[PDB]
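Notes to accompany the following structure.
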Amino acid sequence: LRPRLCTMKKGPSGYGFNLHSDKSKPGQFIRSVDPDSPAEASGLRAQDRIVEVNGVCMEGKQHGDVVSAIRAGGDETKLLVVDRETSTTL
């Protein structure tokens, strides 16, 4: 599965997701997505990692800097996200 774009327009309750850091892995991940939210409708899923915000790479950025990038876009955001890697050599 490859990176997917989730495009959403903000409602009165925001987009409807929680963004958080991981214990082990770098990057900002989707903790949860609210039912019936703009976020859910856009295809965003729990455990997704944010790769880009509005076409800008988020690699190496701290949590607050990804949050600011999302907020800076005003009433809309476009998140390029990927699910967690599921490939292991044994």
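Convention: chains lettered A, B, ... in structure tokens order; per-chain residue numbering from 1; ligands numbered from 1 as shown.
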
>> as a ChimeraX atom specification, please: the residues near segment 22-39 of chain A (cut-off 8 Å, only C-alpha atoms, same-chain neighbours under 4 positions excluded).
In response: /A:6,8-11,15-18,43-51,58-63,66

Please write the residues from the selection above to a file, keeping N, CA and C atoms, as a PDB file, in the first residue's frame.
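Below is the file out-v5.pdb, written as the result:
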ATOM      1  N   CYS A   6      -5.416  12.706   1.585  1.00  0.00           N
ATOM      2  CA  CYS A   6      -6.689  12.925   2.256  1.00  0.00           C
ATOM      3  C   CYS A   6      -6.962  14.422   2.313  1.00  0.00           C
ATOM      4  N   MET A   8      -9.583  17.525   3.111  1.00  0.00           N
ATOM      5  CA  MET A   8     -10.689  17.772   4.023  1.00  0.00           C
ATOM      6  C   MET A   8     -10.892  19.248   4.298  1.00  0.00           C
ATOM      7  N   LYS A   9     -12.158  19.635   4.411  1.00  0.00           N
ATOM      8  CA  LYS A   9     -12.511  20.984   4.800  1.00  0.00           C
ATOM      9  C   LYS A   9     -12.999  20.996   6.227  1.00  0.00           C
ATOM     10  N   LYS A  10     -12.483  21.950   6.986  1.00  0.00           N
ATOM     11  CA  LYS A  10     -12.734  22.062   8.409  1.00  0.00           C
ATOM     12  C   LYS A  10     -14.185  22.383   8.681  1.00  0.00           C
ATOM     13  N   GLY A  11     -14.745  21.758   9.712  1.00  0.00           N
ATOM     14  CA  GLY A  11     -16.060  22.115  10.215  1.00  0.00           C
ATOM     15  C   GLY A  11     -15.916  22.847  11.532  1.00  0.00           C
ATOM     16  N   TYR A  15     -11.310  19.293  12.097  1.00  0.00           N
ATOM     17  CA  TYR A  15     -11.266  18.216  11.123  1.00  0.00           C
ATOM     18  C   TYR A  15     -11.761  16.894  11.703  1.00  0.00           C
ATOM     19  N   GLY A  16     -11.559  16.703  13.003  1.00  0.00           N
ATOM     20  CA  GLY A  16     -11.995  15.506  13.695  1.00  0.00           C
ATOM     21  C   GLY A  16     -10.961  14.400  13.791  1.00  0.00           C
ATOM     22  N   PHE A  17      -9.717  14.744  14.114  1.00  0.00           N
ATOM     23  CA  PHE A  17      -8.715  13.715  14.378  1.00  0.00           C
ATOM     24  C   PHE A  17      -7.730  14.189  15.422  1.00  0.00           C
ATOM     25  N   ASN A  18      -7.034  13.234  16.030  1.00  0.00           N
ATOM     26  CA  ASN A  18      -5.991  13.550  16.986  1.00  0.00           C
ATOM     27  C   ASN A  18      -4.662  13.096  16.425  1.00  0.00           C
ATOM     28  N   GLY A  43     -10.951   9.777   4.160  1.00  0.00           N
ATOM     29  CA  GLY A  43     -10.239   8.510   4.087  1.00  0.00           C
ATOM     30  C   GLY A  43      -9.115   8.340   5.100  1.00  0.00           C
ATOM     31  N   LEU A  44      -8.955   9.314   5.990  1.00  0.00           N
ATOM     32  CA  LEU A  44      -7.933   9.246   7.031  1.00  0.00           C
ATOM     33  C   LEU A  44      -8.229   8.100   7.998  1.00  0.00           C
ATOM     34  N   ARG A  45      -7.179   7.416   8.445  1.00  0.00           N
ATOM     35  CA  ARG A  45      -7.334   6.256   9.315  1.00  0.00           C
ATOM     36  C   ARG A  45      -6.366   6.294  10.490  1.00  0.00           C
ATOM     37  N   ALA A  46      -6.788   5.732  11.620  1.00  0.00           N
ATOM     38  CA  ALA A  46      -5.905   5.573  12.765  1.00  0.00           C
ATOM     39  C   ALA A  46      -4.636   4.843  12.349  1.00  0.00           C
ATOM     40  N   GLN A  47      -3.522   5.281  12.927  1.00  0.00           N
ATOM     41  CA  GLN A  47      -2.174   4.741  12.683  1.00  0.00           C
ATOM     42  C   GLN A  47      -1.510   5.239  11.395  1.00  0.00           C
ATOM     43  N   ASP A  48      -2.225   6.021  10.589  1.00  0.00           N
ATOM     44  CA  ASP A  48      -1.599   6.697   9.453  1.00  0.00           C
ATOM     45  C   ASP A  48      -0.493   7.631   9.948  1.00  0.00           C
ATOM     46  N   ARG A  49       0.568   7.756   9.152  1.00  0.00           N
ATOM     47  CA  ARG A  49       1.626   8.719   9.401  1.00  0.00           C
ATOM     48  C   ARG A  49       1.547   9.863   8.390  1.00  0.00           C
ATOM     49  N   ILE A  50       1.659  11.095   8.880  1.00  0.00           N
ATOM     50  CA  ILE A  50       1.646  12.263   8.007  1.00  0.00           C
ATOM     51  C   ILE A  50       3.001  12.432   7.339  1.00  0.00           C
ATOM     52  N   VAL A  51       3.003  12.339   6.011  1.00  0.00           N
ATOM     53  CA  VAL A  51       4.229  12.459   5.224  1.00  0.00           C
ATOM     54  C   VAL A  51       4.385  13.886   4.693  1.00  0.00           C
ATOM     55  N   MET A  58       7.085  16.780   5.741  1.00  0.00           N
ATOM     56  CA  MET A  58       7.098  16.945   7.190  1.00  0.00           C
ATOM     57  C   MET A  58       8.217  16.147   7.852  1.00  0.00           C
ATOM     58  N   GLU A  59       9.041  15.476   7.050  1.00  0.00           N
ATOM     59  CA  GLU A  59      10.099  14.629   7.598  1.00  0.00           C
ATOM     60  C   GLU A  59      11.033  15.436   8.488  1.00  0.00           C
ATOM     61  N   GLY A  60      11.299  14.909   9.681  1.00  0.00           N
ATOM     62  CA  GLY A  60      12.183  15.560  10.628  1.00  0.00           C
ATOM     63  C   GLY A  60      11.542  16.634  11.491  1.00  0.00           C
ATOM     64  N   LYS A  61      10.317  17.040  11.167  1.00  0.00           N
ATOM     65  CA  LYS A  61       9.673  18.114  11.915  1.00  0.00           C
ATOM     66  C   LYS A  61       9.122  17.635  13.250  1.00  0.00           C
ATOM     67  N   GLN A  62       9.155  18.528  14.232  1.00  0.00           N
ATOM     68  CA  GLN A  62       8.552  18.269  15.530  1.00  0.00           C
ATOM     69  C   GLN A  62       7.032  18.389  15.453  1.00  0.00           C
ATOM     70  N   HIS A  63       6.360  17.779  16.418  1.00  0.00           N
ATOM     71  CA  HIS A  63       4.894  17.760  16.478  1.00  0.00           C
ATOM     72  C   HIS A  63       4.271  19.139  16.251  1.00  0.00           C
ATOM     73  N   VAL A  66       4.320  20.366  12.619  1.00  0.00           N
ATOM     74  CA  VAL A  66       3.337  19.734  11.747  1.00  0.00           C
ATOM     75  C   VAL A  66       1.968  20.352  12.043  1.00  0.00           C
TER      76      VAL A  66
END

>> Just list as a ChimeraX atom specification whatever in chain A DSSP marks as strand (DSSP E).
In response: /A:4-9,17-21,28-33,49-53,56-57,76-82

I need the chosen residues saved as a short mmCIF file (atom, residue, chain, number, x, y, z; two decimals), in the first residue's frame, with N, CA, C and O atoms.
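The result, written out as part_18.cif:
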data_model
loop_
_atom_site.label_atom_id
_atom_site.label_comp_id
_atom_site.auth_asym_id
_atom_site.auth_seq_id
_atom_site.Cartn_x
_atom_site.Cartn_y
_atom_site.Cartn_z
N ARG A 4 -1.31 7.98 0.31
CA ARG A 4 -2.59 8.46 -0.19
C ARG A 4 -2.88 9.87 0.30
O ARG A 4 -2.47 10.25 1.40
N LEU A 5 -3.59 10.64 -0.52
CA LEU A 5 -3.92 12.01 -0.18
C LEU A 5 -5.32 12.09 0.41
O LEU A 5 -6.29 11.60 -0.18
N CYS A 6 -5.42 12.71 1.59
CA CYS A 6 -6.69 12.92 2.26
C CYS A 6 -6.96 14.42 2.31
O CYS A 6 -6.28 15.16 3.02
N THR A 7 -7.98 14.85 1.57
CA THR A 7 -8.35 16.25 1.44
C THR A 7 -9.63 16.53 2.24
O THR A 7 -10.63 15.83 2.06
N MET A 8 -9.58 17.52 3.11
CA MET A 8 -10.69 17.77 4.02
C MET A 8 -10.89 19.25 4.30
O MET A 8 -9.94 20.02 4.38
N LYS A 9 -12.16 19.64 4.41
CA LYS A 9 -12.51 20.98 4.80
C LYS A 9 -13.00 21.00 6.23
O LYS A 9 -13.85 20.19 6.62
N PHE A 17 -9.72 14.74 14.11
CA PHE A 17 -8.71 13.71 14.38
C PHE A 17 -7.73 14.19 15.42
O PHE A 17 -7.62 15.38 15.69
N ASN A 18 -7.03 13.23 16.03
CA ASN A 18 -5.99 13.55 16.99
C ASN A 18 -4.66 13.10 16.43
O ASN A 18 -4.54 11.97 15.94
N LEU A 19 -3.69 14.00 16.48
CA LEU A 19 -2.34 13.77 15.99
C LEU A 19 -1.40 13.58 17.17
O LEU A 19 -1.44 14.35 18.12
N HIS A 20 -0.54 12.56 17.11
CA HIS A 20 0.37 12.30 18.23
C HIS A 20 1.67 11.64 17.80
O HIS A 20 1.78 11.05 16.73
N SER A 21 2.67 11.75 18.67
CA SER A 21 3.97 11.13 18.42
C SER A 21 3.93 9.64 18.75
O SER A 21 3.05 9.17 19.47
N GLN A 28 4.59 12.03 12.87
CA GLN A 28 3.33 12.28 13.55
C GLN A 28 2.26 11.34 13.00
O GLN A 28 2.12 11.18 11.79
N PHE A 29 1.55 10.69 13.91
CA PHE A 29 0.60 9.64 13.57
C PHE A 29 -0.81 10.01 13.97
O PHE A 29 -1.03 10.80 14.89
N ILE A 30 -1.78 9.44 13.27
CA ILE A 30 -3.18 9.64 13.59
C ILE A 30 -3.60 8.68 14.71
O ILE A 30 -3.66 7.47 14.51
N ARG A 31 -3.87 9.24 15.89
CA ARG A 31 -4.29 8.45 17.05
C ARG A 31 -5.71 7.95 16.87
O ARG A 31 -6.02 6.79 17.14
N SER A 32 -6.58 8.85 16.41
CA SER A 32 -8.00 8.55 16.26
C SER A 32 -8.62 9.44 15.19
O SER A 32 -8.11 10.51 14.88
N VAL A 33 -9.76 8.98 14.66
CA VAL A 33 -10.54 9.73 13.70
C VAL A 33 -12.00 9.66 14.14
O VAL A 33 -12.52 8.57 14.38
N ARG A 49 0.57 7.76 9.15
CA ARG A 49 1.63 8.72 9.40
C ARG A 49 1.55 9.86 8.39
O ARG A 49 1.38 9.63 7.19
N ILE A 50 1.66 11.09 8.88
CA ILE A 50 1.65 12.26 8.01
C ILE A 50 3.00 12.43 7.34
O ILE A 50 4.02 12.63 8.01
N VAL A 51 3.00 12.34 6.01
CA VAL A 51 4.23 12.46 5.22
C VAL A 51 4.38 13.89 4.69
O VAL A 51 5.47 14.45 4.74
N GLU A 52 3.29 14.46 4.20
CA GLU A 52 3.24 15.84 3.74
C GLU A 52 1.95 16.53 4.19
O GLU A 52 0.90 15.90 4.34
N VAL A 53 2.05 17.84 4.37
CA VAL A 53 0.89 18.70 4.61
C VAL A 53 0.88 19.75 3.50
O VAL A 53 1.85 20.51 3.33
N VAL A 56 3.97 19.85 1.33
CA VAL A 56 5.25 20.14 1.97
C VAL A 56 5.69 18.98 2.85
O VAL A 56 4.93 18.50 3.69
N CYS A 57 6.94 18.54 2.69
CA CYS A 57 7.47 17.41 3.43
C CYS A 57 7.57 17.71 4.92
O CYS A 57 8.08 18.75 5.33
N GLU A 76 -8.93 24.40 5.09
CA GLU A 76 -8.74 23.14 4.39
C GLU A 76 -7.35 22.60 4.70
O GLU A 76 -6.44 23.37 5.00
N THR A 77 -7.21 21.28 4.65
CA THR A 77 -5.89 20.65 4.69
C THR A 77 -5.85 19.45 3.75
O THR A 77 -6.88 18.80 3.50
N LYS A 78 -4.66 19.18 3.20
CA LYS A 78 -4.44 18.04 2.33
C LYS A 78 -3.26 17.26 2.91
O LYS A 78 -2.11 17.70 2.83
N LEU A 79 -3.56 16.10 3.49
CA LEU A 79 -2.55 15.29 4.16
C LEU A 79 -2.16 14.11 3.28
O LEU A 79 -3.01 13.30 2.92
N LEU A 80 -0.87 14.01 2.96
CA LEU A 80 -0.36 12.80 2.32
C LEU A 80 0.06 11.88 3.43
O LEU A 80 0.93 12.23 4.22
N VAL A 81 -0.58 10.71 3.52
CA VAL A 81 -0.37 9.81 4.64
C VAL A 81 -0.01 8.42 4.16
O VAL A 81 -0.31 8.05 3.03
N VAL A 82 0.64 7.66 5.03
CA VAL A 82 0.96 6.27 4.73
C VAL A 82 0.67 5.39 5.94
O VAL A 82 0.76 5.84 7.08
#

>> So that I can check the secondary structure, give me every residue of chain A assigned alpha helix (DSSP H) by backbone DSSP, as number ranges by chain.
In response: A: 38-41, 63-72

Only N, CA and C atoms, please: the residues just picked out, written as a compact mmCIF listing (two decimals), in the first residue's frame.
# COMPACT_ATOMS: atom_id res chain seq x y z
N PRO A 38 -15.14 15.39 8.88
CA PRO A 38 -14.44 15.64 7.62
C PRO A 38 -13.25 14.70 7.45
N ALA A 39 -12.52 14.45 8.54
CA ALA A 39 -11.38 13.56 8.49
C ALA A 39 -11.77 12.14 8.08
N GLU A 40 -12.82 11.59 8.68
CA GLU A 40 -13.26 10.25 8.31
C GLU A 40 -13.67 10.19 6.85
N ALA A 41 -14.41 11.20 6.40
CA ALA A 41 -14.92 11.21 5.04
C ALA A 41 -13.80 11.30 4.01
N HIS A 63 6.36 17.78 16.42
CA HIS A 63 4.89 17.76 16.48
C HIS A 63 4.27 19.14 16.25
N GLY A 64 4.73 20.13 17.01
CA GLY A 64 4.17 21.47 16.90
C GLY A 64 4.33 22.09 15.52
N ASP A 65 5.36 21.68 14.80
CA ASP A 65 5.63 22.23 13.48
C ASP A 65 4.73 21.61 12.41
N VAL A 66 4.32 20.37 12.62
CA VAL A 66 3.34 19.73 11.75
C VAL A 66 1.97 20.35 12.04
N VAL A 67 1.67 20.55 13.32
CA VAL A 67 0.42 21.21 13.70
C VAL A 67 0.33 22.61 13.09
N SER A 68 1.40 23.40 13.17
CA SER A 68 1.36 24.75 12.61
C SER A 68 1.13 24.71 11.10
N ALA A 69 1.77 23.77 10.41
CA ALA A 69 1.59 23.65 8.97
C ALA A 69 0.12 23.38 8.63
N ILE A 70 -0.52 22.50 9.39
CA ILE A 70 -1.94 22.22 9.16
C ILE A 70 -2.79 23.47 9.42
N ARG A 71 -2.57 24.13 10.55
CA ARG A 71 -3.33 25.32 10.90
C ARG A 71 -3.15 26.45 9.89
N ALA A 72 -1.94 26.58 9.35
CA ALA A 72 -1.61 27.66 8.43
C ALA A 72 -2.44 27.62 7.16

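Taking atom CA of residue 89 of chain A and atom CA of residue 1 of chain A as the two end points, the separation is 17.7 Å.
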